[PDB]
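What follows is the content of run-v2.txt (compact mmCIF, C-alpha atoms).
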# COMPACT_ATOMS: atom_id res chain seq x y z
CA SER A 160 -11.23 -30.36 -16.61
CA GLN A 161 -8.25 -31.10 -14.28
CA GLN A 162 -5.79 -29.08 -16.48
CA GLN A 163 -8.14 -26.04 -16.40
CA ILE A 164 -8.69 -26.43 -12.66
CA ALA A 165 -4.88 -26.56 -12.00
CA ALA A 166 -4.24 -23.52 -14.20
CA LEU A 167 -6.83 -21.43 -12.33
CA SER A 168 -5.64 -22.90 -9.01
CA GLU A 169 -2.03 -21.80 -9.82
CA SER A 170 -3.08 -18.36 -11.03
CA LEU A 171 -5.08 -17.86 -7.81
CA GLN A 172 -2.05 -19.02 -5.79
CA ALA A 173 0.12 -16.43 -7.59
CA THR A 174 -2.46 -13.76 -6.76
CA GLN A 175 -2.79 -14.79 -3.13
CA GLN A 176 1.02 -14.59 -2.65
CA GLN A 177 1.11 -11.10 -4.22
CA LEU A 178 -1.62 -9.98 -1.81
CA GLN A 179 0.28 -11.26 1.28
CA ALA A 180 3.28 -9.25 0.07
CA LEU A 181 1.08 -6.18 -0.34
CA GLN A 182 -0.27 -6.67 3.17
CA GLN A 183 3.39 -6.54 4.33
CA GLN A 184 4.03 -3.41 2.34
CA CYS A 185 1.06 -1.80 4.08
CA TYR A 186 2.43 -2.65 7.44
CA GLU A 187 5.72 -1.16 6.44
CA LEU A 188 3.98 1.98 5.33
CA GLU A 189 2.20 2.27 8.61
CA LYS A 190 5.62 2.02 10.29
CA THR A 191 7.25 4.65 8.10
CA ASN A 192 4.30 6.95 8.58
CA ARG A 193 4.72 6.74 12.34
CA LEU A 194 8.43 7.47 12.17
CA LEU A 195 7.71 10.43 10.00
CA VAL A 196 5.11 11.71 12.44
CA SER A 197 7.78 11.56 15.05
CA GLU A 198 10.46 13.33 12.98
CA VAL A 199 8.06 15.97 11.86
CA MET A 200 7.13 16.64 15.45
CA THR A 201 10.84 16.80 16.34
CA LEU A 202 11.44 19.31 13.56
CA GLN A 203 8.38 21.35 14.76
CA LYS A 204 9.82 21.48 18.21
CA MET A 205 13.22 22.68 16.94
CA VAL A 206 11.80 25.43 14.72
CA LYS A 207 9.80 26.63 17.75
CA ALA A 208 12.96 26.82 19.92
CA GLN A 209 14.38 29.63 17.70
CA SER B 160 -17.30 -27.30 -16.13
CA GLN B 161 -15.53 -24.92 -18.53
CA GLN B 162 -18.05 -22.07 -18.47
CA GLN B 163 -17.92 -21.93 -14.63
CA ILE B 164 -14.14 -22.13 -14.74
CA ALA B 165 -14.10 -19.44 -17.37
CA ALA B 166 -16.27 -17.21 -15.24
CA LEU B 167 -13.97 -17.57 -12.28
CA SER B 168 -10.87 -17.07 -14.40
CA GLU B 169 -12.29 -13.84 -15.68
CA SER B 170 -13.27 -12.70 -12.18
CA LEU B 171 -9.73 -13.47 -11.01
CA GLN B 172 -8.28 -11.47 -13.90
CA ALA B 173 -10.25 -8.49 -12.46
CA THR B 174 -8.94 -9.02 -8.93
CA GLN B 175 -5.42 -9.33 -10.23
CA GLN B 176 -5.77 -6.00 -12.08
CA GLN B 177 -7.09 -4.25 -8.95
CA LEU B 178 -4.17 -5.78 -7.13
CA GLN B 179 -1.75 -4.21 -9.65
CA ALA B 180 -3.31 -0.82 -9.10
CA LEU B 181 -2.89 -1.19 -5.34
CA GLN B 182 0.76 -2.23 -5.76
CA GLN B 183 1.32 0.92 -7.75
CA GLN B 184 -0.48 3.05 -5.17
CA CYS B 185 1.75 1.67 -2.41
CA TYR B 186 4.84 2.29 -4.55
CA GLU B 187 3.83 5.88 -4.92
CA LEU B 188 3.34 6.26 -1.14
CA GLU B 189 6.75 4.64 -0.53
CA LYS B 190 8.36 7.12 -2.94
CA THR B 191 6.67 10.03 -1.24
CA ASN B 192 7.83 8.85 2.08
CA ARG B 193 11.46 8.69 0.86
CA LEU B 194 11.16 12.23 -0.24
CA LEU B 195 9.61 13.37 3.03
CA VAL B 196 12.25 11.58 5.18
CA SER B 197 15.03 13.21 3.14
CA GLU B 198 13.51 16.55 3.43
CA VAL B 199 12.70 16.36 7.11
CA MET B 200 16.21 15.08 8.05
CA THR B 201 17.85 17.87 5.99
CA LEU B 202 15.64 20.50 7.51
CA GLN B 203 16.44 19.23 11.02
CA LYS B 204 20.17 19.56 10.20
CA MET B 205 19.58 23.10 8.86
CA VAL B 206 17.73 24.28 11.99
CA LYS B 207 20.32 22.72 14.31
CA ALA B 208 23.16 24.40 12.45
CA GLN B 209 21.67 27.89 12.76
CA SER C 160 -15.11 -31.81 -10.56
CA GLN C 161 -17.76 -29.54 -9.15
CA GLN C 162 -16.19 -29.67 -5.73
CA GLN C 163 -12.90 -28.38 -7.08
CA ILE C 164 -14.83 -25.65 -8.82
CA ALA C 165 -16.72 -24.65 -5.66
CA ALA C 166 -13.52 -24.69 -3.65
CA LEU C 167 -11.80 -22.37 -6.10
CA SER C 168 -14.87 -20.08 -6.13
CA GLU C 169 -14.74 -19.74 -2.31
CA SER C 170 -10.97 -19.21 -2.33
CA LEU C 171 -11.34 -16.49 -4.96
CA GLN C 172 -14.06 -14.74 -2.97
CA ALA C 173 -11.92 -14.77 0.18
CA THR C 174 -8.96 -13.25 -1.76
CA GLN C 175 -11.25 -10.63 -3.25
CA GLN C 176 -12.59 -9.68 0.20
CA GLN C 177 -9.05 -9.32 1.52
CA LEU C 178 -8.01 -7.24 -1.40
CA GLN C 179 -10.94 -4.91 -0.67
CA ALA C 180 -9.83 -4.64 2.95
CA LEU C 181 -6.32 -3.73 1.86
CA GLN C 182 -7.70 -1.18 -0.57
CA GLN C 183 -9.50 0.62 2.24
CA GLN C 184 -6.33 0.47 4.39
CA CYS C 185 -4.42 2.08 1.54
CA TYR C 186 -6.99 4.85 1.32
CA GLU C 187 -6.24 5.69 5.00
CA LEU C 188 -2.49 5.53 4.45
CA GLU C 189 -2.88 7.97 1.57
CA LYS C 190 -4.74 10.44 3.84
CA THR C 191 -2.05 10.30 6.42
CA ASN C 192 0.53 10.76 3.72
CA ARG C 193 -1.29 13.86 2.57
CA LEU C 194 -1.20 15.35 6.03
CA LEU C 195 2.53 14.76 6.31
CA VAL C 196 3.22 16.24 2.89
CA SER C 197 1.37 19.44 4.00
CA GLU C 198 3.12 19.68 7.24
CA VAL C 199 6.50 19.20 5.74
CA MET C 200 5.84 21.81 3.09
CA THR C 201 4.95 24.30 5.74
CA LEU C 202 8.11 23.62 7.70
CA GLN C 203 10.26 23.75 4.59
CA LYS C 204 9.08 27.32 3.92
CA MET C 205 9.71 28.42 7.48
CA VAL C 206 13.14 26.90 7.68
CA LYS C 207 14.07 28.54 4.35
CA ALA C 208 12.97 31.88 5.80
CA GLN C 209 14.82 31.24 9.12

Hey, can you dump this file as structure tokens for me?
Amino acid sequence: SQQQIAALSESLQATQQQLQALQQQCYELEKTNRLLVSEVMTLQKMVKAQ
Amino acid sequence: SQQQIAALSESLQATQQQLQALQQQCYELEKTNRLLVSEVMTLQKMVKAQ
Amino acid sequence: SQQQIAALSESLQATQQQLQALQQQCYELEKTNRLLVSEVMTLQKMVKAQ
């Protein structure tokens, strides 16, 4: 029926929006991981200087 | 009709559950990264202050 | 209608495929995280012994 189709269509829409937000979280994680690489390397350099 | 819609509804319920697990996984990585950033910045300060 | 049903089925399958992609991305982000955790632990020891 139309009511069943709309309910599934809305539930799928809610899921698809949650997945786009997760995709963004992943990108942000990739970013933080890179910044940490950099700060860890900085720390490594400084420990090595003494 | 209904039984196809039911099938898809049930399939979506599975995808939505996997999606919750992934959200939780990313939350745990975000937490870890907060801890690492805090640590690394403190340790940098410590080494510099020697 | 059957066309609405087929359209939802395709949409669901697309969402599921993307979710799988994200899952595998998250597996790589976890591995990187693990590396960083190890490296930071190592530095933490050293700095404490400085």

Provide the atom CA of residue B:173 to atom CA of residue C:160 distance in Å, to one decimal place.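 Between atom CA of residue B:173 and atom CA of residue C:160 the gap works out to 23.9 Å.
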
On all C-alpha atoms matched in order, how well does chain A superpose onto chain C? Give the RMSD in Å.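 So the superposition leaves a C-alpha RMSD of 1.5 Å.
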
Protein and nucleic acid residues near (12.1, 8.2, 1.0) (cut-off 12 Å, all atoms listed in the file) as number ranges by chain: A: 188, 191-192, 194-195; B: 186-200

Which one is closest to chain A: C:201, C:166, C:208, C:174? Count only C-alpha atoms.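 Going through C:201, C:166, C:208, C:174 one by one, the smallest distance to chain A is for C:174.
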
Which distance in Å separates atom CA of residue B:167 and atom CA of residue C:168, to one decimal? 6.7 Å

Pick out the residues sitting within 10 Å of residue A:182, and hand them over as a ChimeraX atom specification; count only C-alpha atoms, and ignore anything fewer than 3 positions along from it in its own chain. /A:176-179,185-188 /C:177-178,180-182,184-185
